[PDB]
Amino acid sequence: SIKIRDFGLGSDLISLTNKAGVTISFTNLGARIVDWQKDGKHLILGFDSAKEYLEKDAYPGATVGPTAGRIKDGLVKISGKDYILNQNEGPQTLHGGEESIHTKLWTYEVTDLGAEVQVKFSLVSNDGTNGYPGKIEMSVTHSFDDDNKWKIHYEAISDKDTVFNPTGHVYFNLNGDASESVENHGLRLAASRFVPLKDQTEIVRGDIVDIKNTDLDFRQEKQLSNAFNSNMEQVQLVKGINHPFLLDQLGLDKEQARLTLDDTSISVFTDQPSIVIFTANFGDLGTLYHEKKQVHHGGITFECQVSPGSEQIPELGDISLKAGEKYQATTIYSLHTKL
């Protein structure tokens, strides 16, 4: 079934309940995922109204871009030309700059296919918006089906050469409670390398490091506490994890990662080359979710996209988008319950 309701400030809340009784909800504010629940338990983090997002934290579950992550000095070069983007974190351009697409009301249309329901959100990024050449017509399709597969499909077209590399910012918490650390969760991840950060500014350091046999090797399922109790300078630098992991094998068919807690597991699939993992290293902040004080490590993201830092490490890839070219991306979060 589908239900639509006012989410606050003119935003809407779209909730889909599949054949299994599983419920997922989104909002046009930032084309984002608001909740995901089973047997009355939430699997991800989210607020209860639009205002909260706006007052507390605008990132959770949002579509971020046009470029996800940090860009050193807000500088990108397009067609051999230097362009300076909005700087919203020191000299860096983080998640597209201030007041980005995650804070806009996107238009949308719901398409019911029976076993699957789709919600297509659309937004036009005007040429010059936050320094980015455009215009960029974008759409993000969130769909949910009877197999408990939540999928995100992106598309974009620009009138001019530009840069484009958005991501989905859902935070998972299989504990179903923000006051509870995800350290008890088990993680498996098909990445043998990672991108170290320079320093507390969180810009990339400049190199690619092999994680094989370190506290960050999750090629074999392991509990998070491990990584969390590590003395790796990199873990110590951010106070948990806040890094791009390079997937070993590319392709939407491969389970790139798996988050498990008890009989509940989330599998991640993407056509992207990297997964940025952030463990809600907020320390004492205590943001409130469902009236629950958030704890350091009370959440974890799987941001699938091209690794940030390509400006300095070209090997990472290239986020350019040429005029007329159609950008496409897909990421899937599949839910499974053991028997």
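Don't overthink the numbering: it's just position in the shown sequence, from 1.
Chemist: Decide which of the stretches 309-317 and 27-35 has the higher mean C-alpha B-factor, going by the entry.
Modeler: The stretch with the larger average C-alpha B-factor is 309-317.
Chemist: Averaging CA B factors per stretch from the PDB record, which one is higher: 273-281 or 286-294?
Modeler: According to the PDB entry, the answer is 286-294.
Chemist: Taking the Cα B-factors listed in the entry, which of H95, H169, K222, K72 comes out highest?
Modeler: Going by the entry's C-alpha B-factors, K222 comes out highest.
Chemist: Whose C-alpha has the highest temperature factor in the PDB entry: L189, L123, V195, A156?
Modeler: The C-alpha B-factor peaks, among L189, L123, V195, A156, at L189.
Chemist: Lowest, middle or highest third of the chain for the C-alpha temperature factor of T111?
Modeler: Its C-alpha B-factor, which the entry lists for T111, ranks in the middle third among residues of this chain.
Chemist: Looking at the temperature factor on the CA atom of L9, which third of the chain's modelled residues does it land in?
Modeler: According to the entry, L9 has a C-alpha B-factor in the chain's middle third.
Chemist: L259: which third of its chain by C-alpha temperature factor?
Modeler: CA B-factor rank for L259: highest third.
Chemist: Rank-wise, by C-alpha B-factor, drop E52 into the lowest, middle or highest third of its chain.
Modeler: Its C-alpha B-factor belongs to the middle third of this chain's values.
Chemist: Should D146 be placed in the lowest, middle or highest third of its chain by the C-alpha B factor in the entry?
Modeler: Ranked within chain, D146 CA B lands in the middle tercile.
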